[PDB]
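Heads up, data-v2.pdb below (PDB, C-alpha atoms and all ligand atoms):
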ATOM      1  CA  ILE A   1      74.525  57.474 107.627
ATOM      2  CA  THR A   2      75.142  55.598 110.864
ATOM      3  CA  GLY A   3      71.959  54.022 112.168
ATOM      4  CA  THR A   4      70.078  50.774 112.548
ATOM      5  CA  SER A   5      68.709  48.674 109.704
ATOM      6  CA  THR A   6      64.948  48.839 109.335
ATOM      7  CA  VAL A   7      62.246  47.671 106.913
ATOM      8  CA  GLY A   8      59.842  50.166 105.421
ATOM      9  CA  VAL A   9      56.878  49.626 103.158
ATOM     10  CA  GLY A  10      55.634  51.601 100.201
ATOM     11  CA  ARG A  11      54.210  51.629  96.709
ATOM     12  CA  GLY A  12      56.165  51.842  93.474
ATOM     13  CA  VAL A  13      55.490  53.726  90.244
ATOM     14  CA  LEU A  14      53.033  51.081  89.006
ATOM     15  CA  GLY A  15      51.095  51.060  92.284
ATOM     16  CA  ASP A  16      52.509  47.809  93.666
ATOM     17  CA  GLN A  17      53.318  47.454  97.364
ATOM     18  CA  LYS A  18      56.795  46.355  98.387
ATOM     19  CA  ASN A  19      59.077  46.265 101.411
ATOM     20  CA  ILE A  20      62.275  48.311 101.310
ATOM     21  CA  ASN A  21      65.446  48.217 103.391
ATOM     22  CA  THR A  22      65.928  51.493 105.218
ATOM     23  CA  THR A  23      68.129  52.941 107.984
ATOM     24  CA  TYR A  24      66.814  54.697 111.073
ATOM     25  CA  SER A  25      68.582  57.623 112.686
ATOM     26  CA  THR A  26      66.047  60.347 113.570
ATOM     27  CA  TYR A  27      64.593  59.856 110.082
ATOM     28  CA  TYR A  28      64.168  56.688 108.054
ATOM     29  CA  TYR A  29      66.549  56.884 105.106
ATOM     30  CA  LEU A  30      66.583  54.979 101.829
ATOM     31  CA  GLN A  31      69.800  53.233 102.803
ATOM     32  CA  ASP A  32      69.843  49.443 102.475
ATOM     33  CA  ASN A  33      72.639  47.996 104.614
ATOM     34  CA  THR A  34      71.841  44.387 103.719
ATOM     35  CA  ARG A  35      73.715  44.450 100.412
ATOM     36  CA  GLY A  36      77.433  45.098 100.102
ATOM     37  CA  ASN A  37      78.459  48.513 101.374
ATOM     38  CA  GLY A  38      74.942  49.787 100.941
ATOM     39  CA  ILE A  39      72.375  50.941  98.418
ATOM     40  CA  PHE A  40      71.554  54.644  98.790
ATOM     41  CA  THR A  41      68.711  56.518  97.094
ATOM     42  CA  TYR A  42      68.607  60.312  96.822
ATOM     43  CA  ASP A  43      66.084  63.054  96.025
ATOM     44  CA  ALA A  44      67.223  65.380  93.220
ATOM     45  CA  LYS A  45      64.093  67.528  93.837
ATOM     46  CA  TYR A  46      63.471  68.305  90.139
ATOM     47  CA  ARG A  47      66.912  69.876  89.823
ATOM     48  CA  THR A  48      70.105  68.717  88.145
ATOM     49  CA  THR A  49      72.629  69.004  90.973
ATOM     50  CA  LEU A  50      73.708  65.475  91.988
ATOM     51  CA  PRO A  51      73.255  63.431  94.008
ATOM     52  CA  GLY A  52      70.855  65.661  95.925
ATOM     53  CA  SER A  53      69.862  64.670  99.453
ATOM     54  CA  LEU A  54      69.766  61.141 100.873
ATOM     55  CA  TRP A  55      66.077  60.264 100.901
ATOM     56  CA  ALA A  56      64.620  60.942 104.357
ATOM     57  CA  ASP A  57      61.154  59.931 105.546
ATOM     58  CA  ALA A  58      59.505  60.536 108.913
ATOM     59  CA  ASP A  59      57.566  57.285 109.356
ATOM     60  CA  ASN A  60      59.106  54.518 107.180
ATOM     61  CA  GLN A  61      55.959  54.413 105.012
ATOM     62  CA  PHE A  62      56.429  55.343 101.361
ATOM     63  CA  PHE A  63      52.943  55.576  99.837
ATOM     64  CA  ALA A  64      52.990  59.181  98.595
ATOM     65  CA  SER A  65      53.042  59.750  94.850
ATOM     66  CA  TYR A  66      56.335  61.638  95.277
ATOM     67  CA  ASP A  67      57.831  58.537  96.982
ATOM     68  CA  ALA A  68      57.062  56.062  94.185
ATOM     69  CA  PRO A  69      60.111  56.593  91.941
ATOM     70  CA  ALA A  70      62.394  56.371  94.986
ATOM     71  CA  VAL A  71      60.791  53.140  96.197
ATOM     72  CA  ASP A  72      61.413  51.492  92.821
ATOM     73  CA  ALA A  73      64.931  52.834  92.233
ATOM     74  CA  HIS A  74      65.894  51.541  95.671
ATOM     75  CA  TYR A  75      64.128  48.177  95.425
ATOM     76  CA  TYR A  76      65.180  47.368  91.859
ATOM     77  CA  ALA A  77      68.798  48.283  92.633
ATOM     78  CA  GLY A  78      68.550  45.585  95.329
ATOM     79  CA  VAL A  79      67.207  43.028  92.860
ATOM     80  CA  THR A  80      69.986  43.880  90.406
ATOM     81  CA  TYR A  81      72.618  43.546  93.142
ATOM     82  CA  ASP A  82      71.166  40.128  94.015
ATOM     83  CA  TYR A  83      71.253  39.017  90.378
ATOM     84  CA  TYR A  84      74.927  39.862  89.953
ATOM     85  CA  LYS A  85      75.912  38.331  93.310
ATOM     86  CA  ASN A  86      73.804  35.168  93.132
ATOM     87  CA  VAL A  87      74.142  34.425  89.425
ATOM     88  CA  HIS A  88      77.636  35.719  88.590
ATOM     89  CA  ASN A  89      79.371  35.885  91.982
ATOM     90  CA  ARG A  90      79.956  39.596  91.394
ATOM     91  CA  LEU A  91      79.796  41.923  94.399
ATOM     92  CA  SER A  92      78.312  45.235  93.204
ATOM     93  CA  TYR A  93      79.399  47.007  90.026
ATOM     94  CA  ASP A  94      83.111  47.139  90.881
ATOM     95  CA  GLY A  95      83.324  43.553  92.169
ATOM     96  CA  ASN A  96      84.273  44.887  95.626
ATOM     97  CA  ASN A  97      80.876  45.900  97.014
ATOM     98  CA  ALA A  98      80.992  49.581  96.038
ATOM     99  CA  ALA A  99      78.084  51.568  97.468
ATOM    100  CA  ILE A 100      75.312  51.870  94.887
ATOM    101  CA  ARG A 101      73.824  55.365  94.607
ATOM    102  CA  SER A 102      70.736  56.507  92.666
ATOM    103  CA  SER A 103      68.963  59.855  92.371
ATOM    104  CA  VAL A 104      65.312  60.214  91.370
ATOM    105  CA  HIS A 105      63.206  63.255  90.426
ATOM    106  CA  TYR A 106      66.088  64.428  88.243
ATOM    107  CA  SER A 107      65.224  67.621  86.332
ATOM    108  CA  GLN A 108      61.707  68.334  84.988
ATOM    109  CA  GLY A 109      59.842  66.191  82.466
ATOM    110  CA  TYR A 110      63.072  64.297  81.910
ATOM    111  CA  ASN A 111      62.617  61.440  79.423
ATOM    112  CA  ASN A 112      65.765  59.469  80.228
ATOM    113  CA  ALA A 113      67.913  57.750  82.828
ATOM    114  CA  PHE A 114      71.692  57.338  82.921
ATOM    115  CA  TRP A 115      74.852  56.361  84.762
ATOM    116  CA  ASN A 116      76.889  59.558  85.202
ATOM    117  CA  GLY A 117      80.225  57.850  85.878
ATOM    118  CA  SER A 118      79.478  57.575  89.607
ATOM    119  CA  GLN A 119      75.746  56.956  90.173
ATOM    120  CA  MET A 120      72.401  56.188  88.551
ATOM    121  CA  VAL A 121      70.072  59.047  87.653
ATOM    122  CA  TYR A 122      66.352  58.798  86.799
ATOM    123  CA  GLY A 123      64.032  61.316  85.230
ATOM    124  CA  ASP A 124      60.316  61.407  86.000
ATOM    125  CA  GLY A 125      59.422  61.512  82.322
ATOM    126  CA  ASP A 126      56.939  64.003  80.898
ATOM    127  CA  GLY A 127      53.946  61.711  81.402
ATOM    128  CA  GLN A 128      53.631  61.198  77.644
ATOM    129  CA  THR A 129      56.812  59.489  76.458
ATOM    130  CA  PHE A 130      57.706  58.132  79.927
ATOM    131  CA  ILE A 131      56.438  57.844  83.460
ATOM    132  CA  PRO A 132      59.179  57.816  86.145
ATOM    133  CA  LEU A 133      61.820  55.593  84.645
ATOM    134  CA  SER A 134      62.823  53.690  87.782
ATOM    135  CA  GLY A 135      59.450  51.950  87.497
ATOM    136  CA  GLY A 136      61.049  49.580  84.986
ATOM    137  CA  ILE A 137      63.192  46.837  86.460
ATOM    138  CA  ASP A 138      64.864  46.380  83.069
ATOM    139  CA  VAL A 139      65.644  50.109  83.056
ATOM    140  CA  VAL A 140      67.202  50.051  86.530
ATOM    141  CA  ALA A 141      69.269  46.978  85.662
ATOM    142  CA  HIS A 142      70.227  48.573  82.315
ATOM    143  CA  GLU A 143      71.638  51.567  84.197
ATOM    144  CA  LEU A 144      73.519  49.580  86.838
ATOM    145  CA  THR A 145      74.931  47.408  84.074
ATOM    146  CA  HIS A 146      76.555  50.508  82.554
ATOM    147  CA  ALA A 147      78.565  50.748  85.788
ATOM    148  CA  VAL A 148      79.528  47.060  85.490
ATOM    149  CA  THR A 149      80.654  47.611  81.912
ATOM    150  CA  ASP A 150      82.644  50.709  82.842
ATOM    151  CA  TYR A 151      84.506  48.783  85.563
ATOM    152  CA  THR A 152      85.186  45.777  83.319
ATOM    153  CA  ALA A 153      85.372  45.868  79.503
ATOM    154  CA  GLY A 154      85.198  49.656  79.511
ATOM    155  CA  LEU A 155      83.520  49.778  76.082
ATOM    156  CA  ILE A 156      83.871  53.301  74.668
ATOM    157  CA  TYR A 157      80.427  54.885  74.250
ATOM    158  CA  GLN A 158      80.385  55.414  70.481
ATOM    159  CA  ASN A 159      80.094  53.453  67.254
ATOM    160  CA  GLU A 160      80.377  49.652  67.493
ATOM    161  CA  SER A 161      81.905  49.459  70.967
ATOM    162  CA  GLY A 162      79.147  51.791  72.167
ATOM    163  CA  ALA A 163      76.428  49.675  70.555
ATOM    164  CA  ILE A 164      77.900  46.647  72.352
ATOM    165  CA  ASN A 165      77.891  48.678  75.579
ATOM    166  CA  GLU A 166      74.188  49.419  75.019
ATOM    167  CA  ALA A 167      73.310  45.831  74.129
ATOM    168  CA  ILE A 168      75.092  44.544  77.245
ATOM    169  CA  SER A 169      72.860  46.847  79.317
ATOM    170  CA  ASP A 170      69.726  45.671  77.473
ATOM    171  CA  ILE A 171      70.744  41.993  77.774
ATOM    172  CA  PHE A 172      71.400  42.124  81.503
ATOM    173  CA  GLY A 173      68.439  44.446  82.046
ATOM    174  CA  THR A 174      66.306  41.717  80.501
ATOM    175  CA  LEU A 175      68.010  38.898  82.392
ATOM    176  CA  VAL A 176      67.380  40.749  85.666
ATOM    177  CA  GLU A 177      63.744  41.215  84.630
ATOM    178  CA  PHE A 178      63.500  37.441  84.123
ATOM    179  CA  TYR A 179      65.299  36.862  87.444
ATOM    180  CA  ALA A 180      62.617  38.849  89.298
ATOM    181  CA  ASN A 181      60.039  36.972  87.192
ATOM    182  CA  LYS A 182      57.265  39.569  87.075
ATOM    183  CA  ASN A 183      55.861  39.959  83.550
ATOM    184  CA  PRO A 184      59.249  39.225  81.975
ATOM    185  CA  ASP A 185      59.811  39.731  78.260
ATOM    186  CA  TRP A 186      62.486  40.574  75.699
ATOM    187  CA  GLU A 187      61.261  44.164  75.330
ATOM    188  CA  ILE A 188      62.976  47.187  76.883
ATOM    189  CA  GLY A 189      61.209  49.763  79.028
ATOM    190  CA  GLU A 190      57.643  48.597  78.397
ATOM    191  CA  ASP A 191      56.572  49.266  82.006
ATOM    192  CA  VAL A 192      57.376  52.990  81.884
ATOM    193  CA  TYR A 193      57.140  53.874  78.179
ATOM    194  CA  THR A 194      54.151  55.713  76.642
ATOM    195  CA  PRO A 195      51.440  55.263  79.279
ATOM    196  CA  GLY A 196      48.822  56.181  76.653
ATOM    197  CA  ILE A 197      49.828  53.333  74.333
ATOM    198  CA  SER A 198      49.509  49.679  75.326
ATOM    199  CA  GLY A 199      51.740  46.900  74.045
ATOM    200  CA  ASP A 200      54.719  48.950  72.893
ATOM    201  CA  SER A 201      58.217  49.503  74.272
ATOM    202  CA  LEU A 202      61.334  51.577  73.700
ATOM    203  CA  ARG A 203      63.270  48.725  72.054
ATOM    204  CA  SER A 204      62.611  45.092  71.253
ATOM    205  CA  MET A 205      65.344  42.461  71.484
ATOM    206  CA  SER A 206      63.192  39.786  69.855
ATOM    207  CA  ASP A 207      62.342  42.003  66.886
ATOM    208  CA  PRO A 208      64.406  45.228  66.924
ATOM    209  CA  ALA A 209      63.000  46.247  63.545
ATOM    210  CA  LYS A 210      59.540  46.787  65.007
ATOM    211  CA  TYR A 211      60.868  50.148  66.260
ATOM    212  CA  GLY A 212      63.146  50.719  63.281
ATOM    213  CA  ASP A 213      66.327  49.366  64.854
ATOM    214  CA  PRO A 214      68.532  47.118  62.693
ATOM    215  CA  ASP A 215      68.430  43.349  63.089
ATOM    216  CA  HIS A 216      71.286  42.643  60.676
ATOM    217  CA  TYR A 217      74.758  44.142  60.209
ATOM    218  CA  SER A 218      73.886  45.161  56.641
ATOM    219  CA  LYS A 219      71.290  47.552  58.122
ATOM    220  CA  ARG A 220      73.632  49.217  60.601
ATOM    221  CA  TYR A 221      73.540  52.979  61.076
ATOM    222  CA  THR A 222      76.781  54.717  60.147
ATOM    223  CA  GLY A 223      75.894  58.370  60.812
ATOM    224  CA  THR A 224      76.845  60.550  63.760
ATOM    225  CA  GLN A 225      73.551  60.862  65.686
ATOM    226  CA  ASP A 226      73.291  59.135  69.076
ATOM    227  CA  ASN A 227      77.077  58.719  69.389
ATOM    228  CA  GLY A 228      77.136  56.841  66.097
ATOM    229  CA  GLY A 229      73.874  55.001  66.775
ATOM    230  CA  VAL A 230      74.619  53.300  70.087
ATOM    231  CA  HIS A 231      70.890  52.877  70.906
ATOM    232  CA  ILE A 232      70.159  51.886  67.292
ATOM    233  CA  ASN A 233      72.909  49.428  66.339
ATOM    234  CA  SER A 234      72.449  47.733  69.712
ATOM    235  CA  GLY A 235      69.548  46.002  67.933
ATOM    236  CA  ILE A 236      71.988  43.851  65.958
ATOM    237  CA  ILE A 237      73.581  42.486  69.126
ATOM    238  CA  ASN A 238      70.276  42.332  71.023
ATOM    239  CA  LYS A 239      68.886  40.167  68.226
ATOM    240  CA  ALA A 240      71.933  37.876  68.350
ATOM    241  CA  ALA A 241      71.541  37.499  72.129
ATOM    242  CA  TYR A 242      67.817  36.791  71.791
ATOM    243  CA  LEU A 243      68.566  34.120  69.174
ATOM    244  CA  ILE A 244      71.247  32.476  71.328
ATOM    245  CA  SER A 245      68.762  32.176  74.183
ATOM    246  CA  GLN A 246      65.465  31.519  72.417
ATOM    247  CA  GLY A 247      66.455  30.245  68.980
ATOM    248  CA  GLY A 248      64.765  30.999  65.684
ATOM    249  CA  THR A 249      65.363  31.299  61.963
ATOM    250  CA  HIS A 250      66.376  34.796  60.946
ATOM    251  CA  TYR A 251      67.126  35.784  57.338
ATOM    252  CA  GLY A 252      67.109  32.054  56.613
ATOM    253  CA  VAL A 253      69.710  31.161  59.262
ATOM    254  CA  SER A 254      68.513  28.758  61.954
ATOM    255  CA  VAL A 255      69.734  29.086  65.530
ATOM    256  CA  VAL A 256      69.251  26.435  68.198
ATOM    257  CA  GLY A 257      68.352  28.182  71.467
ATOM    258  CA  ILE A 258      70.322  27.352  74.622
ATOM    259  CA  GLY A 259      68.332  29.338  77.183
ATOM    260  CA  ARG A 260      68.707  32.506  79.235
ATOM    261  CA  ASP A 261      71.046  31.190  81.900
ATOM    262  CA  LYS A 262      73.655  30.085  79.377
ATOM    263  CA  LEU A 263      73.265  33.342  77.430
ATOM    264  CA  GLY A 264      74.000  35.187  80.677
ATOM    265  CA  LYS A 265      77.034  33.057  81.488
ATOM    266  CA  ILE A 266      78.492  33.476  78.007
ATOM    267  CA  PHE A 267      77.992  37.240  77.852
ATOM    268  CA  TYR A 268      79.111  37.838  81.438
ATOM    269  CA  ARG A 269      82.345  35.981  80.719
ATOM    270  CA  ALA A 270      82.816  37.853  77.439
ATOM    271  CA  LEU A 271      82.246  41.183  79.204
ATOM    272  CA  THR A 272      84.634  40.470  82.053
ATOM    273  CA  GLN A 273      87.398  38.398  80.441
ATOM    274  CA  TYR A 274      87.563  39.210  76.728
ATOM    275  CA  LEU A 275      86.010  42.521  75.647
ATOM    276  CA  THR A 276      88.121  45.687  75.679
ATOM    277  CA  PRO A 277      87.286  49.396  75.365
ATOM    278  CA  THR A 278      87.600  49.291  71.572
ATOM    279  CA  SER A 279      85.931  45.942  70.795
ATOM    280  CA  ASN A 280      83.863  45.908  67.609
ATOM    281  CA  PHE A 281      81.049  43.513  66.652
ATOM    282  CA  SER A 282      83.414  40.982  65.033
ATOM    283  CA  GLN A 283      85.520  41.010  68.190
ATOM    284  CA  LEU A 284      82.388  40.490  70.292
ATOM    285  CA  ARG A 285      81.581  37.408  68.208
ATOM    286  CA  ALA A 286      85.075  36.068  68.873
ATOM    287  CA  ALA A 287      84.786  36.867  72.595
ATOM    288  CA  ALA A 288      81.412  35.097  72.837
ATOM    289  CA  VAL A 289      82.694  32.052  70.943
ATOM    290  CA  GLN A 290      85.735  31.844  73.215
ATOM    291  CA  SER A 291      83.588  32.306  76.322
ATOM    292  CA  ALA A 292      81.227  29.516  75.267
ATOM    293  CA  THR A 293      84.248  27.344  74.473
ATOM    294  CA  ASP A 294      85.660  27.933  77.977
ATOM    295  CA  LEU A 295      82.346  27.128  79.638
ATOM    296  CA  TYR A 296      80.972  24.298  77.503
ATOM    297  CA  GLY A 297      83.703  22.987  75.210
ATOM    298  CA  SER A 298      84.646  23.566  71.579
ATOM    299  CA  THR A 299      82.335  20.836  70.251
ATOM    300  CA  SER A 300      79.353  21.976  72.309
ATOM    301  CA  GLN A 301      75.907  22.996  71.147
ATOM    302  CA  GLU A 302      76.461  26.269  73.006
ATOM    303  CA  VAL A 303      79.441  27.209  70.825
ATOM    304  CA  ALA A 304      77.602  26.165  67.655
ATOM    305  CA  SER A 305      74.605  28.299  68.646
ATOM    306  CA  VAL A 306      76.722  31.387  69.318
ATOM    307  CA  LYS A 307      78.174  31.059  65.812
ATOM    308  CA  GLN A 308      74.721  30.540  64.269
ATOM    309  CA  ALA A 309      73.329  33.624  65.998
ATOM    310  CA  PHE A 310      76.128  35.919  64.860
ATOM    311  CA  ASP A 311      75.858  34.431  61.349
ATOM    312  CA  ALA A 312      72.129  35.213  61.407
ATOM    313  CA  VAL A 313      72.763  38.905  62.103
ATOM    314  CA  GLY A 314      75.585  39.126  59.562
ATOM    315  CA  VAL A 315      78.504  39.460  61.994
ATOM    316  CA  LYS A 316      81.608  37.428  61.110
TER     317      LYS A 316
HETATM  318 CA    CA B 401      56.341  58.526 104.913
HETATM  319 CA    CA B 402      58.093  43.144  81.362
HETATM  320 CA    CA B 403      61.249  44.318  79.626
HETATM  321 CA    CA B 404      53.332  52.162  76.388
HETATM  322 ZN    ZN B 405      72.196  52.618  78.091
END
Is it possible to give me this structure as structure tokens?
Amino acid sequence: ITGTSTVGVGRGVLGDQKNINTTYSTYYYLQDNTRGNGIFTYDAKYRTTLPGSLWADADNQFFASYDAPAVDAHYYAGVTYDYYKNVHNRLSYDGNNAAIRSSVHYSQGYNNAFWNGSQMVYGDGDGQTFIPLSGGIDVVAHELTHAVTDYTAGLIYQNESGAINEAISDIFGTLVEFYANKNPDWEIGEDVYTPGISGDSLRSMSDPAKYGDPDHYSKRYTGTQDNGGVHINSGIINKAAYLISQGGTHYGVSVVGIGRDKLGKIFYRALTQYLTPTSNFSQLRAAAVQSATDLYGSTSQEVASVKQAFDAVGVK
């Protein structure tokens, strides 16, 4: 909407106060004009028709319980935009400052979030498995990263390419979480998963097997559930990424860690220059090795560590 840029204040899903960029024209709308061609947050009003209505508020204060998922979807989309721009020189998901749209309060008791081809969509959860999913910065960045993938490598959402697609979203979700630097970790969704259980998460990158996800290619799922296991086999790539960054010895194979920033550079380059819609795990290894070679040189520690990490998870 046409209006003037304003700054509202509210509380997110976890009860934390934050400022949000809004737009005033009769109402205050969740429309942030400070980033690209805008970040827009919508109310789906417990229904499934998308996007719903652009979020309107009378007073620019967002402290109602109903407001909390919108506050976080809007704010964390901004953080994710900043990460891609500041760290990777990428302007929004398409590289040309496409408007970023999110809807919250999608459906009833909805234990998921997704990119629908055009926008992000967040359930409120059922209060048992999830609380509103936009409360997790890693979740928001995971979803926006699906848009980045779709505009770049275009990894098909099934089997190995789909597991890479998933891992890319978990990797960048985590890197954005570290970028914001509030309780960062290598777990996925911990802030919004199972409010009645402390210390758990939906997935772990550092130890995927703690939730039954494979941490080695020999343990990959080959059935048809979950689009051929895209949220399961992602553990193999998540583990490799964790090892590249943090190091470790895994099934007897030692990896020298090179840190988060270099992990991000290597995987961003692989995603945007080398991966294709049909890339499999072996092709990801080759793309990561080539990316590290481009950035750091063939004889570099970074290249050696990429090879060690893929060796450790059984991907040649
Ligand atoms: Ca208000
Ligand atoms: Ca965390
Ligand atoms: Ca996390
Ligand atoms: Ca929990
Ligand atoms: Zn995903």
Which residues of chain A come within 8 Å of ligand CA 403 (chain B), and for each one, what is the closest pair of atoms and their distance in Å to one decimal, counting all atoms listed in the file, sorted by chain and residue number, as CSV?
residue,atom,partner,partner_atom,distance
A:136,CA,B:CA403,CA,7.5
A:137,CA,B:CA403,CA,7.5
A:138,CA,B:CA403,CA,5.4
A:173,CA,B:CA403,CA,7.6
A:174,CA,B:CA403,CA,5.8
A:177,CA,B:CA403,CA,6.4
A:183,CA,B:CA403,CA,8.0
A:184,CA,B:CA403,CA,6.0
A:185,CA,B:CA403,CA,5.0
A:186,CA,B:CA403,CA,5.6
A:187,CA,B:CA403,CA,4.3
A:188,CA,B:CA403,CA,4.3
A:189,CA,B:CA403,CA,5.5
A:190,CA,B:CA403,CA,5.7
A:191,CA,B:CA403,CA,7.2
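Against the coordinates shown, the PyMOL selection byres (((chain A and resi 58) around 7) and not hetatm) returns residues 27, 28, 56, 57, 59 and 60 of chain A.
Coordinates place CA of residue 51 (chain A) at a distance of 9.0 Å from CA of residue 104 (chain A).
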Evaluated on this file, the PyMOL selection byres (((chain A and resi 31) around 8) and not hetatm) picks out some residues - which ones are they, written as JSON, numbers by chain?
{"A": [1, 21, 22, 23, 29, 30, 32, 33, 38, 39, 40, 41]}
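Here the question is which of A:178, A:55, A:281, A:193 gets nearest to residue 217 (chain A) using all atoms listed in the file, and that residue is A:281.
Here the question is which of A:220, A:250, A:307, A:203 gets nearest to ligand CA 404 (chain B) using all atoms listed in the file, and that residue is A:203.
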How many Å lie between CA of residue 125 (chain A) and CA of residue 18 (chain A), rounded to one decimal?
22.2 Å
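Closest approach to residue 17 (chain A) among A:258, A:180, A:44, A:68 is made by A:68 (distances from only C-alpha atoms).
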Point-to-point distance in Å for CA of residue 237 (chain A) and CA of residue 159 (chain A)
12.9 Å
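Of the listed residues A:64, A:163, A:156, A:20, the one whose atoms come nearest to ligand CA 401 (chain B) is A:64, with distances taken using only C-alpha atoms and all ligand atoms.
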List, as a ChimeraX atom specification, every residue that the PyMOL selection byres (((not hetatm)) within 8 of (chain B and resi 405)) selects in the file provided.
/A:114,142-143,146,165-167,169-170,231
Do a neighbour search on residue 282 (chain A) at 7 Å with all atoms listed in the file, toss out local chain neighbours closer than 4 positions, and write the hits as a count of residues only.
3
Could you report the residues within 8 Å of ligand CA 404 (chain B), using only C-alpha atoms and all ligand atoms, as a PyMOL selection string?
chain A and resi 190-201
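For the residues A:141, A:312, A:266, A:288, ranking by smallest atom-to-atom distance to residue 179 (chain A) using only C-alpha atoms places A:141 first.
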Residues within 8 Å of (66.0, 26.3, 75.8), file coordinates, counting all atoms listed in the file: what are they? Give the list as a ChimeraX atom specification.
/A:245-247,257-260
Write a file of the just-selected residues containing C-alpha atoms, as a PDB file, in the coordinates of the input.
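In the end it all went to selection39.pdb:
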ATOM      1  CA  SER A 245      68.762  32.176  74.183  1.00  0.00           C
ATOM      2  CA  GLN A 246      65.465  31.519  72.417  1.00  0.00           C
ATOM      3  CA  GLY A 247      66.455  30.245  68.980  1.00  0.00           C
ATOM      4  CA  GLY A 257      68.352  28.182  71.467  1.00  0.00           C
ATOM      5  CA  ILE A 258      70.322  27.352  74.622  1.00  0.00           C
ATOM      6  CA  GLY A 259      68.332  29.338  77.183  1.00  0.00           C
ATOM      7  CA  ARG A 260      68.707  32.506  79.235  1.00  0.00           C
TER       8      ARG A 260
END
Could you pull the residues within 6 Å of residue 277 (chain A), counting all atoms listed in the file, minus those fewer than 3 positions along the same chain, as a list in words?
residues 153, 154, 155 and 156 of chain A
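Proximity ranking of A:62, A:110, A:268, A:221 relative to residue 145 (chain A) places A:268 first, based on all atoms listed in the file.
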Place N, CA and C atoms on region 264-279 of chain A and deliver the coordinates as a JSON list (two decimals), keeping the file's coordinate frame.
[["chain", "number", "residue", "atom", "x", "y", "z"],
["A", 264, "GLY", "N", 73.43, 34.34, 79.64],
["A", 264, "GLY", "CA", 74.00, 35.19, 80.68],
["A", 264, "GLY", "C", 75.42, 34.81, 81.03],
["A", 265, "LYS", "N", 75.69, 33.51, 81.16],
["A", 265, "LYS", "CA", 77.03, 33.06, 81.49],
["A", 265, "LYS", "C", 78.02, 33.43, 80.39],
["A", 266, "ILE", "N", 77.62, 33.20, 79.14],
["A", 266, "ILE", "CA", 78.49, 33.48, 78.01],
["A", 266, "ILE", "C", 78.80, 34.97, 77.91],
["A", 267, "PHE", "N", 77.77, 35.81, 77.99],
["A", 267, "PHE", "CA", 77.99, 37.24, 77.85],
["A", 267, "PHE", "C", 78.67, 37.85, 79.07],
["A", 268, "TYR", "N", 78.41, 37.32, 80.27],
["A", 268, "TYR", "CA", 79.11, 37.84, 81.44],
["A", 268, "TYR", "C", 80.61, 37.54, 81.32],
["A", 269, "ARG", "N", 80.94, 36.33, 80.88],
["A", 269, "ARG", "CA", 82.34, 35.98, 80.72],
["A", 269, "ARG", "C", 82.99, 36.82, 79.61],
["A", 270, "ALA", "N", 82.27, 37.02, 78.51],
["A", 270, "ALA", "CA", 82.82, 37.85, 77.44],
["A", 270, "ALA", "C", 83.10, 39.27, 77.95],
["A", 271, "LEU", "N", 82.14, 39.83, 78.69],
["A", 271, "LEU", "CA", 82.25, 41.18, 79.20],
["A", 271, "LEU", "C", 83.43, 41.35, 80.14],
["A", 272, "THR", "N", 83.66, 40.34, 80.97],
["A", 272, "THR", "CA", 84.63, 40.47, 82.05],
["A", 272, "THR", "C", 86.01, 39.89, 81.76],
["A", 273, "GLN", "N", 86.12, 39.04, 80.74],
["A", 273, "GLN", "CA", 87.40, 38.40, 80.44],
["A", 273, "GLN", "C", 87.98, 38.77, 79.08],
["A", 274, "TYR", "N", 87.12, 39.09, 78.12],
["A", 274, "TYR", "CA", 87.56, 39.21, 76.73],
["A", 274, "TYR", "C", 87.38, 40.57, 76.05],
["A", 275, "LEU", "N", 86.25, 41.23, 76.30],
["A", 275, "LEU", "CA", 86.01, 42.52, 75.65],
["A", 275, "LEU", "C", 86.95, 43.60, 76.18],
["A", 276, "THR", "N", 87.25, 44.58, 75.33],
["A", 276, "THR", "CA", 88.12, 45.69, 75.68],
["A", 276, "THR", "C", 87.41, 46.99, 75.31],
["A", 277, "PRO", "N", 88.01, 48.15, 75.64],
["A", 277, "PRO", "CA", 87.29, 49.40, 75.36],
["A", 277, "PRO", "C", 86.96, 49.61, 73.89],
["A", 278, "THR", "N", 87.76, 49.04, 73.00],
["A", 278, "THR", "CA", 87.60, 49.29, 71.57],
["A", 278, "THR", "C", 86.98, 48.12, 70.80],
["A", 279, "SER", "N", 86.48, 47.11, 71.50],
["A", 279, "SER", "CA", 85.93, 45.94, 70.80],
["A", 279, "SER", "C", 84.85, 46.32, 69.80]]
